[PDB]
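> First portion of the complex, with coordinates as positioned in the assembly:
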Amino acid sequence: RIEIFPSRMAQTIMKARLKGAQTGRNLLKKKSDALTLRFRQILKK
Amino acid sequence: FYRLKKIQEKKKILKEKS
Amino acid sequence: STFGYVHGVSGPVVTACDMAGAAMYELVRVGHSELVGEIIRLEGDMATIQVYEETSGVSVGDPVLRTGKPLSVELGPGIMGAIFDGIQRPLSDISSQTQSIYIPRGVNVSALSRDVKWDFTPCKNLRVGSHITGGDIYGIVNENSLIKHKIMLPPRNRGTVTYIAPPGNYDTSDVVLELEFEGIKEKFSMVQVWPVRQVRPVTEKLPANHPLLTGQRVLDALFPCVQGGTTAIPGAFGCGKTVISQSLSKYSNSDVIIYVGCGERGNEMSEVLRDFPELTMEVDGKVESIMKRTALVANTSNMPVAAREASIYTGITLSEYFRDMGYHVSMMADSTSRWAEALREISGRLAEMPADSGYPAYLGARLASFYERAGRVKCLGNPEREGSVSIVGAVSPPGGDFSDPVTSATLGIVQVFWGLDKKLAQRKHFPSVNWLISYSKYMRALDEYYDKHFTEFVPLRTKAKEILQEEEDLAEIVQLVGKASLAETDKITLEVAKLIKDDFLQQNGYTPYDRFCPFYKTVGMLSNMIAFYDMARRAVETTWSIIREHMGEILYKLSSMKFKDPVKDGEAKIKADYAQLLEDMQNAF
Amino acid sequence: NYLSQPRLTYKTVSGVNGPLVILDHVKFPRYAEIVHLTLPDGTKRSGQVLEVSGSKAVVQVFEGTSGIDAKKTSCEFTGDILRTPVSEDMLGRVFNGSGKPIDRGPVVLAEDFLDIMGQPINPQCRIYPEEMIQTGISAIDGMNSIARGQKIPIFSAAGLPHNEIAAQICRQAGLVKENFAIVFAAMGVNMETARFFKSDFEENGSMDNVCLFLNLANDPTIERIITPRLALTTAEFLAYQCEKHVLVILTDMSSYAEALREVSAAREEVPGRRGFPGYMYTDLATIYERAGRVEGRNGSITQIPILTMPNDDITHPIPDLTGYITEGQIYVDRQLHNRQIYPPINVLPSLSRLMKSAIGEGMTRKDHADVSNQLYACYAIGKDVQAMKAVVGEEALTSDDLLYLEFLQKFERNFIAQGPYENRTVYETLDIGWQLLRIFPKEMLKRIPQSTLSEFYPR
Amino acid sequence: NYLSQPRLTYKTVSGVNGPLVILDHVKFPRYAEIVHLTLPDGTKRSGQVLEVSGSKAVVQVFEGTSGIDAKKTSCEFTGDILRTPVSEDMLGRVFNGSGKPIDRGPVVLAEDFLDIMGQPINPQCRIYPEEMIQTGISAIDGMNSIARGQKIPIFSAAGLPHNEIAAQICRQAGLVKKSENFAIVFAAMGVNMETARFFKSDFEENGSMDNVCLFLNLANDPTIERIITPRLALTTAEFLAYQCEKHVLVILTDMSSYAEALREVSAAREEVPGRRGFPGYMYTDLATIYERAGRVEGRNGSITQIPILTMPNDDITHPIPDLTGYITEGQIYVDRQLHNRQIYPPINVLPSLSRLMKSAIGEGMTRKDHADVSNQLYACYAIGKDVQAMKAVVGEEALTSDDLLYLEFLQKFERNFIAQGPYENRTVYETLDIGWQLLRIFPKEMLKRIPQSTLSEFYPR
């Protein structure tokens, strides 16, 4: 599955879309670790 | 690359006769 | 004719006139300073020559001296311990002759010096009048204590002996053999000249069976290489690259070691050229240097790019020359990615069409025609010897991705891939050879030799690899679920996998007793780590908690098997026999 | 009938750059003419004339121009095109890539001389392949069944066991319930690849009919062009002129086109995709369409060409252009090879266009055309479900889709995974295939009508 | 080796196209000869010979071809190659690209004449770099320290202050006090009028001009002179280093502006451009000037390089920061993230790396704790950057007491260690003392990269 046409400018656009998606993992994974750590300590309580 | 090398090959052809 | 004139220079390329009897890919000497070039196009009476050096100050009318030879190497005594560049100019001799710190670019200094005298001895039943064919061992020159430089006949010519030299000291210019053929008696000295692009002829190829004992435990057990095989490693900045290269020179079963540093760096090349002359070799007697059996092709990026293209072909021709004597040559090319950049420069010079990501159309063909020059193979000649060439070629892909027109062309040709990892070097897991992505296509060949010599080994490797793959699959669920919900048969696999990763796979190269463990120790420690794993299966299916606390001295015996010093050789097998039965006691309890 | 004039010899070369030698003052040169170059040292090289213009003739030598002089070399013009010596005793031997014997053998005695380019078959007298070849592999015989006279490639990659499944379908090739003469072209292969095929054909005793043509990687790349041309004009001789069923195995076809790119880039021809020439479709089809069977003859020729796609890409110019000429492909995959399935055959991009005429009542039996479409449909849905349980979770799926999980672990392990020497029949394959459809209910098998469900699904 | 034959003057021009002038009836022309063009109105122009073919000699004029007649101009063939007049008196002199003085000064008396292309160094006689070069910047000296003979680029972009830190590490460079024969060759290439005036007003008017060899090359003066400018700068930096035996730091800026000059003369020779317009021989042409570094066996001098270049569109996949990554030994990054935060010098140390910093630092070289305080400051900055995002998305209260301490470390690391101001010359001992002040805010048993043999002394203070 491809999205748009290659122009030498779309490559910088697609790298910007990839950059937000790469930081959309770690910024949201650590949220899912902050929720699970309280979820595991509530279960012990 | 193929277009620019073809121009240079044709540019030597006209230079050789002239 | 014997000279040509220049008739125009337009860059690296010289379109030399008055060259009517010149061949293609022939080397010439352009100008008054005699710049080395290569004939690359031949338009009637004129030939265009790409010059390997900087054309600067070349006149129109300068003599182009043709040699009549293609790019070739000088093969003879004076080659072990020497340091050449890709077109074989002796860098150690060129600094003593000129007393300068540069390469003067007009220097036709011979690769083998004609002043040192070598003790030649004949073949002793090679009588006068005897017929001799190409590849026959003609004499023996004692080059060092280790290397007996066997003088041979070139594979081109053939004849009957008319004069042989008496045993004594001669130069590389002295006439040693005369051979009569139908027309004219030919004479030649101890040195032969052979082109680098042309594969050395040989009697018949053989399948490779004997493994290479590198000395490292992850290399010799899980992903083994054979002598006569092809290996590739990642060439990153620091994982284990200089460590595996120096362990291959120090503790392998190989008679000579050549190292081709091919367009490497400014200061990474000087790290090799200072550390290799100060390495040490363990021969049966007293400790010798590694440089008695070593020849280096040192080639930096400042050097000519047509010398960095030829550095791979120079090395493998020196590899095939010491193959023909009967030795077991091992070749380390570092790196083959910097060589492929030299192909992109030569093809970009001649405006060749870019096939795959810049690299030319013949990139996969030159790589195939280089790794196929390696193999265990019966040499030409009547004395009937056997030799081999192993190739370990480093690959430096961009960003550590293994999808590249050089990398994917390499992994489709090589059979062994020791995957050295950067992150394993971050945790100081030494050596850093990853085991998920590594492979070895040399198991079946090895499978023959291991039933004549080790026997109880193969099944040991198969289950040890079955532990490490099941460990990674189990370790994913440890963070998701937890260790308290894991089954009893699975948790004993995890502790012995951690026992393998610390005792078997981890190996300290500075801890004296671990520099060169030979083989049984390698079959020794794995025969006790998996028999403990097999006995723990029925002992669990008969409690995991009571065995972990009560075997803490017995597990300490397994975790200390790597300290069997080299003053303990036969005694180490007796300790391997007795430490096993201590496991046999505590199974019933 | 016979050329009887003495051949001319020219010492008149005028240009040599790359693999091309330019000869001047040739008197009436001829296109596609074969020549013989005599080097100044005495080694002999052959060459084809690729362009003639007045008195000039541009040849290309097969072994490369390394060392070709200007004053001293002598080229001799053989007055005919490149014809190989073909015979019936051209069988049972091993030859090199160019034309010559390898196993210390004689040259062939040449029953006739056939042009290696051949000539295309008239489509009016070319009969359609109907009878089915049972290869003993369930992924081949069950879902993508080949016919006798079918061109069908093996789409592979580097490292995958394509040579192992190449030797397997040679031992087990038989008609569905007088042997196949196998002609084997080995192109750009390793030495251990050529030793594997030599020691396999010398093991099963089939080497009395093997025509193995080997061309290693050290051999030159321009000889890889004429390597399938000679390997298919003997198969044309054995099948259309000697009345014998021939199975041709071409490997590696990627090494053919990479050698074809080198000659095209040296001639400065127009490139297509990724540097390959624009006439690559035509050159691939002049060695693929020389297959099938003709009406007046009882022999036939089937082609299984092995090619390794670069970087696992099926949209590369190698498997795309061979997919447009051939009649369906076999896709050995990499992700099924990591799970230690011995044929790692992803059946979803696999196809057999001539499988429909080769299945049925007279050919195997009634349910072959119907169980193959249902095994395809349940593998297609269950693999899309497999991409859903990896992103959402293993428990929150539809209850029907847990049977799709149970189908896929039984499909990849019992149906396709059979071992290197097990040769199942086609009736064994459909019996194993109905066992995997047994775990589904009767009304979820949508692609099967209700008629033949009654005869096979209760069992 | 004097040449004594008189020079020929040709009035035989035949063709003019672009910068190229084609001459006929030349008597034995050499390839890289310098020629002198005399215009019909009397103005003098120089030029190299670009290509010679029998009788024809194709020269390219430096200063342009405008006004060159076909009947009246006269070319003056000097029989020799371009040679650099080198001396020690080129230390504190401002020269332009080609050779000429710029600060109203005299022509150099030139105790030797050296070829601008040079000859490649012997790899067998090139010894490994060991000692450190002090730059005065804590982001360079503390974290990514350079050796004596290391080549290390600074990867920047347009608008970022890579010229302001080029003039800084030339103004306060030294070898380490260690309680001595130091020079600097500065090649300013493709600079503006304002960047050229900034360089002269700096060095000169700061007192550094006892050891600077600053070479200007503006955007007006010809593009063929951008090619001969770092060949000029490294010829003088091979005469001061291991011919006068002193340590020379060479700064090459902008090394991205060198390659468009390399691209321009390539198309003047009617050569087909390679990947992205840049020529195929660019990896060789960058190798002729990057590999004129290192230190040699029997000589006490050394030469190290900092080639400063700007990557276009912040893309490392571009061949200008890619072909210099295959050949140089670690990178320094100037980022737009720290520059917009008003942090000078805007150097981030997570993606930056010095491949020969293990050799540079040590016990005799700076002091013993350098290998561990830099390993710990890199670790706490990486962990502190991760907890800096959890303050945003999770909460200021949810983060623990130790993760709050990494927050207070990063606020003082970027403002006291990295940010230093354009005139503060911190030595390598003042750099490690600031680094220990930012490690003392952490307690014990968190500094896991520092062993206890050195942690026992430097932590209590």
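Perfect, thanks for sending it. Residues are numbered from 1 along each chain as shown, chains lettered A, B, ... in the order given.
> which SSE is the residue lying closest to residue D:9 once chain neighbours are set aside in?
Nearest-residue entry for residue D:9: residue D:76, 4.6 Å, with adjacent residues in sequence omitted and distances by Cβ to Cβ, 6 or more residues apart in numbering or on different chains. Just so you know, the C-beta spots here come from the backbone N, C-alpha and C atoms, and that holds for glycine as well. Assessed by DSSP states H and E, residue D:76 sits inside strand D:74-81.
> Note down every partner strand of the helix or strand following that strand and its orientation.
Downstream of strand D:74-81, the next assigned helix or strand under DSSP H and E is strand D:83-86. Strand D:83-86 has the following strand partners under DSSP bridges: strand D:112-115 (antiparallel).
> Can you mark which positions in the strand it pairs with are buried?
Going by neighbour count (16 or more other Cβ atoms under 10 Å in any protein chain shown), the buried part of strand D:112-115 is residue D:114.
> what's the spacing between it and its chain's center?
Here strand D:112-115 shows a centroid-to-chain-centroid distance of 23 Å under the convention Cα atoms, centre = their mean, to the nearest Å.
> Given the helix or strand just after it, what are its sheet partners and their directions?
Once strand D:112-115 ends, the next helix or strand along the chain (criterion: DSSP H and E) is strand D:126-127. Partners of strand D:126-127 in the sheet, by DSSP bridges, are strand D:293-294 (antiparallel).
> Show the contacting residues for whichever residue of chain A sits closest to chain E.
Distances between chain A and chain E by Cβ to the nearest Cβ are smallest at residue A:34, namely 4.9 Å. By Cβ atoms under 8 Å, 6 or more residues apart in numbering or on different chains, the contact list for residue A:34 reads E:390, E:394, E:398.
> what are the ranges of the strands in the stretch 1-150 of chain C?
Listed in chain order, the strands of the stretch 1-150 of chain C (DSSP state E, counting those that start in this stretch) span C:3-4, C:13-16, C:26-30, C:35-43, C:46-51, C:64-70, C:72-75, C:83-84, C:118-122, C:131-132, C:137-142, C:148-152.
> re the thing from before, now the residue nearest to residue D:9, which residues is it bridged with?
residue D:9, residue D:36.
> List the single closest residue to the residue of the stretch 101-250 of chain D found nearest chain C in space, sequence neighbours excluded.
Nearest residue of the stretch 101-250 of chain D to chain C: residue D:158, at 3.3 Å (Cβ to the nearest Cβ). Excluding its sequence neighbours, the residue lying closest to residue D:158 (Cβ to Cβ, 6+ apart) is residue C:412, at 3.3 Å.
> include chain F too:
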Amino acid sequence: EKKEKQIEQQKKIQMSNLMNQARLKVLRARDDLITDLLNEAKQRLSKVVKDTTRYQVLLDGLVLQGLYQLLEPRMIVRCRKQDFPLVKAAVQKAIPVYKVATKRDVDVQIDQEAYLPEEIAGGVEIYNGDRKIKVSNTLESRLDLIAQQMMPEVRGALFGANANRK
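Chain F, in position alongside the others:
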């Protein structure tokens, strides 16, 4: 199952290697049956060279065959030492027939400096004026050309024809 399956494979390799050497022996035996047939043909062409009347009427056309195929202004005839008076009549007879068919006019000579070697049976080698283009029309060069085109016919007429054709 290692001791049995290996010796069954090694015997089956040994049996298949036996049929390989048996096939290659009878194929190499077919070489010498053709090789001496070409060798005795080389002897029987020498007996044609011995008698003169049949050899010269061969040599008239054989010089003219090289002449009509080269078609140059200047051509150079190079012959055997013994046949030199015989080719001198053969060149002089071939001049006014070259002017009949073609309408240029030739300028032949006979090279006395270099001759064909003595081991050469017969024939002639005709060059052009510039020593560059050469037509080799000797008896060893004419026997080789006919033997190539007749290997289909000297196999089927001399051994058994194949039972499977078309």
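> back to the buried residues of strand D:112-115, now that we've got chain F?
Here strand D:112-115 shows D:113, D:114 as buried, counting by 16+ other Cβ under 10 Å.
> Also stretch F:71-88?
F:72, F:75, F:76, F:77, F:78, F:79, F:80, F:83, F:86, F:87.
> measure the residue in chain B that chain D sits nearest to to chain F for me?
Scanning chain B for the residue nearest chain D gives residue B:2, at 6.1 Å (criterion: Cβ to the nearest Cβ). Remark: distance between residue B:2 and chain F (Cβ to the nearest Cβ, to the nearest Å) = 37 Å.
> How much space separates residue C:533 from chain A?
32 Å.
> Pretty sure that residue sits in a helix.
Yes - Residue C:533: assigned to a helix according to DSSP: H, G, I helix; E, B strand; the rest coil.
> What number of neighbouring residues does the closest residue to it other than its chain neighbours come out with?
Using Cβ to Cβ, 6+ apart and skipping the chain neighbours, the partner closest in space to residue C:533 is residue C:496 (4.8 Å). For residue C:496, the neighbour count with other Cβ atoms under 10 Å in any protein chain shown is 20.
> Would you mind pointing out the helix or strand residue C:496 falls in?
helix C:488-499.
> where does that helix sit relative to the chain's centre, distance-wise?
Between the centre of helix C:488-499 and the centre of its chain there are 38 Å (Cα atoms, centre = their mean).
> Next one: the nearest residue to residue D:83 once chain neighbours are set aside from chain B, what distance?
Leaving aside its chain neighbours, residue D:83 sits nearest to residue D:113 (4.1 Å; criterion: Cβ to Cβ, 6+ apart). As judged by Cβ to the nearest Cβ, residue D:113 and chain B stand 39 Å apart.
> Residue D:113 touches residue D:82, doesn't it?
No - assessed by Cβ atoms under 8 Å, residue D:113 is found out of contact with residue D:82, at 10.0 Å.
> State the helix or strand in which whichever residue of chain B sits closest to chain F lies.
Nearest residue of chain B to chain F: residue B:16, at 24.3 Å (Cβ to the nearest Cβ). Assigned by DSSP H and E, residue B:16 belongs to helix B:2-17.
> quick one, phi psi at residue F:110?
When read as degrees, to the nearest 10, the backbone of residue F:110 gives phi -120, psi 120.
> If you could redo that for residue C:192, that was the one I meant.
phi -120, psi 150.
> ditto for the one 3 residues further on
Its backbone dihedrals place residue C:195 at phi -70, psi 150, with angles given as degrees, to the nearest 10.
> Repeat that for the one 10 residues further on.
Recorded main-chain torsions at residue C:205 are phi -80, psi 150, according to degrees, to the nearest 10.
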